[PDB]
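Report on the following structure.
To find a chain, count down the sequence lines: A is the first, B the second, and so on, and within it residues start at 1. Order of appearance sets the numbers: ligands from 1, and atoms from 1 within every ligand.
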Amino acid sequence: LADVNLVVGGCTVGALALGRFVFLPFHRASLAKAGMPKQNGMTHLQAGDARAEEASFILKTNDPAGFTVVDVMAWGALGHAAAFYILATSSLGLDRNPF
Amino acid sequence: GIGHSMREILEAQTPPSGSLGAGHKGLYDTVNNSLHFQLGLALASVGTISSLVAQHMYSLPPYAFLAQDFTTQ
Amino acid sequence: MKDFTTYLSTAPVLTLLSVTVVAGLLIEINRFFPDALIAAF
Amino acid sequence: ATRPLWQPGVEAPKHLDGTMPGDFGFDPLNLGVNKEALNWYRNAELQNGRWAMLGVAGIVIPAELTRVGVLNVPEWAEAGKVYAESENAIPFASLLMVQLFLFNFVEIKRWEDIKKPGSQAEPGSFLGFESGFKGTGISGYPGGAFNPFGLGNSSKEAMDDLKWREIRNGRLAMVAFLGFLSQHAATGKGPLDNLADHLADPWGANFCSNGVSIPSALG
Amino acid sequence: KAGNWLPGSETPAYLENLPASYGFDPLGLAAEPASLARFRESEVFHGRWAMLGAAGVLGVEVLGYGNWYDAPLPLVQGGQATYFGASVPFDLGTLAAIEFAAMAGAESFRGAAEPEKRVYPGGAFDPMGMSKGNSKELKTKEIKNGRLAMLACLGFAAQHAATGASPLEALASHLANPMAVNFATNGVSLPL
Amino acid sequence: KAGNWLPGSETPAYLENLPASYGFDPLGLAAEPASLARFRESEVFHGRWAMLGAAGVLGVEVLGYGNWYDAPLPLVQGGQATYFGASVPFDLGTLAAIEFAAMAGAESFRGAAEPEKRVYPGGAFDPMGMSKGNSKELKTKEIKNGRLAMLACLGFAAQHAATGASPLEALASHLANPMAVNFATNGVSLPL
Amino acid sequence: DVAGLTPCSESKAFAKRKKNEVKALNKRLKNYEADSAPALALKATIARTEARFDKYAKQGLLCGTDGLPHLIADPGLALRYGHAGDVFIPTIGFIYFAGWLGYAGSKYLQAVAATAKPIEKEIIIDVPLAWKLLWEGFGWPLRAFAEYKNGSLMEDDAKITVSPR
Ligand SMILES: CC1=C[C@H](O)CC(C)(C)[C@H]1/C=C/C(C)=C/C=C/C(C)=C/C=C/C=C(C)/C=C/C=C(C)/C=C/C1=C(C)C[C@H](O)CC1(C)C
Ligand SMILES: CC1=C[C@H](O)CC(C)(C)[C@H]1/C=C/C(C)=C/C=C/C(C)=C/C=C/C=C(C)/C=C/C=C(C)/C=C/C1=C(C)C[C@H](O)CC1(C)C
Ligand SMILES: CC1=C[C@H](O)CC(C)(C)[C@H]1/C=C/C(C)=C/C=C/C(C)=C/C=C/C=C(C)/C=C/C=C(C)/C=C/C1=C(C)C[C@H](O)CC1(C)C
Ligand SMILES: CC1=C(/C=C/C(C)=C/C=C/C(C)=C/C=C/C=C(C)/C=C/C=C(C)/C=C/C2=C(C)CCCC2(C)C)C(C)(C)CCC1
Ligand SMILES: CC(=O)/C=C/C=C(C)/C=C/[C@H]1[C@H](C)CCCC1(C)C
C-alpha cells in the first residue's frame, strides 16, 4: 500500500528535522542536567575506567547547532522505527477496531 | 554523548511534600557499591521468574506432546 | 469472705468461668437454633 | 443539680450536669464523656427527634383520619409502593436522587453550622440572605428564617421550657417510630389496628403472642 | 479572593491573591509553591483546551454536521474526513504526522520560555491589547470559563459512555422528562 | 411610614422612611443594610415584571387571542407561534436564543450600574420626565401596584393549577355562582 | 445463579443427598424397637436432618454441582442477588462483637493502668469494673470513632520506644 521509499524517507527526514530544530533545546537541557554517569561521586572515567572515556568524534562538530553524528543516528533510528511501524500496520488487512 | 544517567533519574524521583522523604537520593551508590544488594535483587527477580515459568508451562505448554506427558509436567 | 471473692477473681478462675459461660451459651444457642449456616433474619 | 434523674438514688455522671434540655443523667454506656462527642450527639438527637416527630405525625394523623372516614390514605408500609404503581409516578431512583441532592446542600450547610455556629452568616455568602443564617449560639437552634413566629423569644427561661418540651416530644416520637417498625414487622397491621386489637384482649393480644418477638424454637 | 466554595470554612493562605480563587484545595495539593505554579499554568492551559473542545463539540452538532464521537469514524473505516461538508484528502497516518509535528513545534516553543510567558504571553497573542487594562478580572473570567468547559467536556464523555447519545440529544431528552430522564434513570450510573 | 401592617405591633426602625413601607419584616430579612438595598431593588424589579405579566395575561385573554397557559402550546407538538392573530416564523431554539441574548445584554447593562441606578434610573428611562417633583408618592404607588400584580400572577398560576381554567373563565364561573364556585369547592385548596 | 451455581431448591444433587442421609438413618433405625431410647434418638436425628435440608432449600442458598451449599463473599453481588446473609451480615455481626470485646479489654487495661499496682489488677481482675466496662463496650463503634476524631485513641510515635535501628 504505502511506498516504502517515500514513507521511510519522509519519516527519517521528519525525525531529523524535529531533533535538529524542535527537540534540540530540550534535549540539550536534559543532557546538561543529567551529565555523564557518575559512581561514588565521580564519572566512570575518573574512577579508573579507561573504556568509559567519551569519544572524541562527538566532542565537537562543524554543525552550528552542535548536532553530532550520534544525534543523526538516534533520530534516524526513531524515524525508521516509525516508518516501518506505519508500513507494517498498513500492510495488514484485518479489522483491529473495537467497534 | 546521549543516554540517561541512573544517578540523576534516582535523585529526581523525589515526590514533593516529603511523603517519601529524600526519595531515592544516594540509592545509585547504595546499589552499585554493595554486591549483596545486587545479588538480593537478582535473586528476587530470578525466583519470581522461576515461579512464572512454572505457572506458564503447565497452562500454556510450549513443547510438542508435553501436555500428554503427565509425569514430565 | 473477702479473700474467697478475691481468689475467685483471679485470672485462671475468671478465665475458666468465662470460657464455661460462653461455651454454655453457644451450646444452648445451637441446641435451640441448630444448623445456622447463614444469618437468615 | 438536684433536678429529677432517670434512676432515683443514682448520681448523675459529671460529664452531663444539668444544662442541656432533657438532661436526666441517663448515660449508662458513658457515650457522651467527650465534650465534642457530646455536642455531636446532642445535635444528632435533635435531628433524629425532629425527623421522627414529622414521620410519626405523618403516619398517625393520616391513619386516624382514615379510620374515621375522611381522607383515605394507605398504610405507611404500603404508601411507598402505592405511589409507585401510579400513572405519572416518578421513578424511584430519580426521586431518591433528587431528594438526596437537595438534602446534600441543606445538610452540608447545617454541618458547617455545627462546626462553627456563625459560619453561614458570612457576609456575601448568599444573595443577602446570609444575615438570617446566624444561629443563637448553640448548634441546632437557628432563629432568623426559622422560628418565624418568634416563640420563646420573650425570655431565656421561656426558651428553655420549650426546648425541654421539644426534646421530650422528640424522644417519645423516636420510641414510637421504633415501635411502629417492630409492630409492622411482627404483625402485618397498622398502629391503630394493633392498638384496637390489644384493648380487645390485652392478655391474649400482645408481643408475647405475635409469634415473632418470642422465638418458637424456645417454646 | 471573591468566593469561598464553602461559606463556613477556612481556606489555605497560598490561594488568597490568585485570580479566580475560591480557596478550594481540600487535599492540599498546591501546598508547595513549585507545585502551585505548575498547577496554575496547567489549569489555565487545560481550561483553554477544554474551551476550544467544548466549542467545537457544540458547533459540529448545532450546525448539523454530526456529533464529536462519530467524527473520526469515516476516517478509520476506510474513507476521508469531512469538514463543513468538503472531503479532506488526508488519512490517519498523514493527519497524525502533521498534527504531531505542528504540536511538537508549538509546544516546544511554548515550554521553552519563561514561567510567566508559558501561560500569559501577551507579546503577540494579544493583538487587541485587552491585557493592558484590568487583567485580573479578565484572567478570572478566563479561568472560570475554562473550568466550566472542562466540566462540560468530562460531562460529554461520561454521558456518551453511559447512554450513547450526544450532547444536544441528551439535553433534549432530559428536558422532555426531567423527573424520569437523567443519570439516575440509566442503568449505568446507579448500581440498581 | 403610612401603615402599620399589624395595628398594634412595633415595626422595625430601618423601614420607617422607605416608600410603601408598612413595617412588614417579621423574619428580619432586611436587618443588614446591604440585604435591605438588594431586597428593595429586587422588590421593585419584581413588581414591574409582575405588572407587565399581569397586563399581558389579561390582554391576551380579553382580546380573544388565547390564554396564557396555552400560549406556548402550539409551538410544541409542531410549531408556529401566533401573535395578534398573525404568525411568527420562529422556532423554540431561535426564540430562546434571541430572548437569551436580548435579556442578557439588557440585564448585564442594568446590573453593572450604580446601586441606585439599578432600580431608579432616571434620564433616558423617563421620556416624559415626570420623576422630578416629589417622587416618593409615585414610588409608593409603583411598589403597591407591583405587589398587587405579584399577587395576581401567583393567583393565576395557583388557580390554573387547581381548577384548570384561565382567569376570565374562572372569574365568570365565580360570578355566576359565588356561593358554590370558589376555592373551597375544588378538592385541592380546602381539603377538610 | 451467580457463578454458574444452581439454587439448592432445584438442585437434584441436594435432594439426592438428603434422601441418602435419611435412608442411612432409617436403615440404622430398622435394627431397633418402635418406642425404645435408640429408636427415639434416631427418629429425632431424622427429623433434624429433614428440617436442616428444608431450611437450607427455603433460605435460598446456592448449591454447586456437588449438591452442597456455597457462600457468596462479595458486596453488591450478594446484595443484588439476595445473599447478604452469607458473609456480609455475618461480617458486620462479627466485627461488632469482636470490637465490643476488644474495646472492653482496652478500657479495662487503661483504667487499671492508672492504679498504683496495675500488675495485680491484671492477674486479679476487678469484677465490678470489668462488668461495667463490658457493658460500656457495646457502644464501642461510637466511642472508637469519637476517640479517633478526638486524637486520644493513638499514641505519639515520639513517645513509643523503638529499636536502635
Ligand atoms: C440514650 C442512650 C445513651 C446510653 O448511654 C446508651 C443507650 C441506652 C444506647 C441510649 C439509648 C439510645 C436509644 C433509645 C436510641 C433510640 C433511637 C431511636 C429510636 C431513633 C429513631 C429515630 C426515628 C426516626 C428518625 C424516624 C423517622 C421516620 C420517618 C421520617 C417516617 C417516614 C415515613 C412516613 C412519614 C410515611 C411513609 O408512608 C413511610 C415513611 C417513609 C417511613
Ligand atoms: C486570545 C485573545 C487575545 C486577543 O487580543 C483578543 C481575542 C481574539 C478575543 C483573544 C481570543 C480569545 C478566544 C479564542 C476566546 C475563545 C473562547 C472560547 C471558545 C470559550 C468557550 C467556552 C465554552 C464553554 C464555557 C462551554 C461550556 C459548555 C457547557 C456549559 C455545556 C453544557 C452541556 C453539557 C455539559 C451536556 C448537555 O448534554 C448539553 C450542554 C447543556 C450543552
Ligand atoms: C416580604 C416578606 C418579608 C417577611 O419577613 C417574610 C415573607 C413573608 C417571606 C415576606 C413576603 C414574601 C412574599 C409575599 C413573596 C411573594 C412574592 C411573589 C408572589 C412574587 C411573584 C412574582 C410574580 C412574577 C414576577 C410574575 C411575572 C409574570 C410573568 C412574567 C408572566 C409572563 C407571561 C405572560 C405575560 C403571558 C404569557 O402568555 C405567559 C407568560 C410567559 C407566563
Ligand atoms: C551534512 C550537511 C547537511 C545534512 C545532511 C544529512 C541530513 C544527512 C543525513 C543522513 C541520514 C538519513 C541519517 C539517518 C540515519 C540513521 C539511520 C538511517 C538509522 C537506522 C536504523 C534502524 C535503527 C532500524 C532498525 C530496524 C530494523 C533494523 C528492522 C525493522 C525494525 C527497525 C526499524 C527497528 C546539510 C545539507 C543539511 C547542511 C550541510 C551539509
Ligand atoms: C446563569 C449564569 O451562568 C450566570 C449568571 C450571572 C449573573 C446573574 C451575574 C449577575 C450580576 C451580578 C449579581 C454581579 C455583577 C455582574 C452582574 C451581571 C450584574
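At least one protein heavy atom sits closer than 4.0 Å to atom 27 (C) of ligand 1. Using a 4.0 Å threshold on non-hydrogen atoms, atom 1 (C) of ligand 1 counts as touching the protein. The presence of a protein heavy atom under 4.0 Å from atom 15 (C) of ligand 1 is ruled out. Within the 4.0 Å cut-off (strictly below), no protein heavy atom is located near atom 12 (C) of ligand 1. Distance check on atom 7 (C) of ligand 5: every protein heavy atom falls at or beyond the 4.0 Å cut-off. Within 4.0 Å of atom 4 (C) of ligand 2, at least one protein heavy atom is present. Under the 4.0 angstrom criterion, atom 7 (C) of ligand 1 counts as lacking any protein heavy-atom contact. Per-atom contact check: atom 21 (C) of ligand 1 touches the protein, criterion being a heavy-atom distance below 4.0 Å.
Residue E:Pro127 places at least one N or O, backbone or side chain, under 3.5 Å from an N or O of ligand 2. Below 3.5 Å of separation, one finds no N or O of D:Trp51 facing any N or O of ligand 1. Residue contacts with ligand 1: D:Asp27 is placed with a nitrogen or oxygen under 3.5 Å of a nitrogen or oxygen of the ligand (distance criterion only). Considering backbone and side-chain N/O of D:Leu29, one or more are found under 3.5 Å from N/O of ligand 1.
The aromatic rings of D:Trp76 and D:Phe177 sit tilted, their planes meeting at an angle between 30° and 60°. Note: D:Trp111 and D:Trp40 have tilted aromatic rings, judged against thresholds of 30 and 60 degrees for the angle between ring planes.
Closest protein heavy atom to atom 42 (C) of ligand 2: E:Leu58 CD2, 3.7 Å. What sits closest to atom 34 (C) of ligand 2 on the protein, heavy atoms only, is E:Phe156 CE2, 3.4 Å. Protein heavy atom at the shortest distance from atom 10 (C) of ligand 1 is D:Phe26 CE2, 4.0 Å. D:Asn48 O, 3.5 Å is the protein heavy atom nearest to atom 25 (C) of ligand 1. Among protein heavy atoms, the minimum distance from atom 24 (C) of ligand 2 is reached at E:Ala149 CB, 4.0 Å. Summary of contacts: the protein heavy atom closest to atom 9 (C) of ligand 2 is E:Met130 SD, 4.3 Å. The single protein non-hydrogen atom nearest to atom 18 (C) of ligand 2 is E:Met51 CB, 4.1 Å, given as residue, atom name and distance. Nearest protein neighbour of atom 41 (C) of ligand 2, counting heavy atoms only, is E:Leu171 CD2, 4.2 Å.
Ionic pairing of E:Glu116 and E:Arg40 is present here: one or more N-O contacts between side-chain nitrogen and carboxylate oxygen are shorter than 4.0 angstrom. D:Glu75 and D:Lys189 are not joined by a salt bridge, as no carboxylate oxygen comes within less than 4.0 angstrom of a charged side-chain nitrogen. Ionic pairing of F:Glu41 and F:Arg110 is present here: one or more N-O contacts between side-chain nitrogen and carboxylate oxygen are shorter than 4.0 angstrom. The existence of a salt bridge linking F:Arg118 and F:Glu114 is excluded, since no basic side-chain nitrogen approaches an acidic carboxylate oxygen closer than 4.0 Å.
The heavy atom nearest to atom 19 (C) of ligand 1, considering only D:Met174, D:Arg50, G:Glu136, D:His184, is found in D:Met174. Considering each of D:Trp76, G:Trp135, D:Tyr41, G:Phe138, the one bringing a non-hydrogen atom nearest atom 37 (C) of ligand 1 is D:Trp76. Nearest-heavy-atom check against atom 32 (C) of ligand 1 across D:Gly32, D:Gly55, D:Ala52 picks out D:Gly55.
Interatomic distance, CD of D:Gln47 versus CG of D:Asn43, reported as 7.0 Å (0.5 Å rounding).
Taking the six-membered ring where the residue is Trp, the centroids of D:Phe24 and D:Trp6 are separated by 6.0 Å or more. Taking the centre of each ring, G:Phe138 and G:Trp135 come in below the 6.0 Å mark. Ring to ring, G:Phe145 and G:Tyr103 are not that close: their centroids are 6.0 angstrom or more apart.
With 3.5 Å as the limit, one finds a donor-acceptor pair spanning the side chains of D:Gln183 and D:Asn194. A donor-acceptor contact closer than 3.5 angstrom links the side chains of E:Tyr22 and E:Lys144. Side-chain contact annotation: D:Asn169 with D:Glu166, donor-acceptor N/O pair under 3.5 Å absent. Side-chain contact check for D:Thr66 and D:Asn72: no donor-acceptor pair (N or O, by modelled atom type) lies under 3.5 Å.
Put simply, no part of D:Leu54 is less than 4.0 Å from ligand 1, judged by heavy atoms. Using a 4.0 Å cutoff on heavy atoms, E:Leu52 does not count as a contact of ligand 2. Under the 4.0 angstrom criterion for non-hydrogen atoms, E:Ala152 is in contact with ligand 2.
Residue contact check: E:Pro167 has heavy atoms under 4.0 Å from atoms 37 (C), 38 (O), 39 (C) of ligand 2. Shown in contact with E:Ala54 at under 4.0 Å from a heavy atom are these atoms of ligand 2, numbered in order with element: 26 (C). Near E:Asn145, the atoms of ligand 2 lying under 4.0 angstrom from a non-hydrogen atom of the residue are 25 (C). Short contacts between ligand 2 and E:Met128, defined as distances under 4.0 Å to a heavy atom of the residue, involve ligand atoms 5 (O), 6 (C). Atoms of ligand 5 found under 4.0 Å from any heavy atom of F:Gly111 (numbered from 1 in listed order, with element): 19 (C). Interface atoms of ligand 1 facing D:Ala79, defined by a heavy-atom separation under 4.0 Å, are 38 (O).
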Inset, instruction - Start with the C-alpha gap between D:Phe129 and D:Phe133, add the side-chain angles, then the distance that decides, and say whether ring pair (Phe, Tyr, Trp, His ring centres under 6.0 Å) holds. - result: CA-CA 7 Å; D:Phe129 208 70; D:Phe133 278 160; 5.4 Å; yes
Inset, instruction - Could you walk me through whether F:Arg48 and F:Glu43 pass salt bridge (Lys or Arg N to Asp or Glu O under 4.0 Å), step by step? - result: CA-CA 9 Å; F:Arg48 294 174 181 153; F:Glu43 184 202 20; over 6 Å; no
Legend entry - D:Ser125 and E:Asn4: CA distance, side-chain angles, deciding distance, side-chain hydrogen bond (donor to acceptor under 3.5 Å, both in side chains) verdict: CA-CA 8 Å; D:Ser125 289; E:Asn4 206 353; 5.7 Å; no
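With E:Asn186 as the fixed residue, the side-chain contact (heavy atoms from CB on, under 4.5 Å) test singles out one of E:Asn182, E:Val188, E:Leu190: E:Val188.
The proximity of E:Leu151 to ligand 2, defined as any non-hydrogen pair under 4.0 Å, does not occur for either the backbone or the side chain. The part of D:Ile59 lying near ligand 1 is the side chain, judged by heavy-atom distances below 4.0 Å.
Relative to the six-membered ring of E:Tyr120, E:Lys139 meets both conditions, a distance below 6.0 Å and an angle of at most 45° to the axis.
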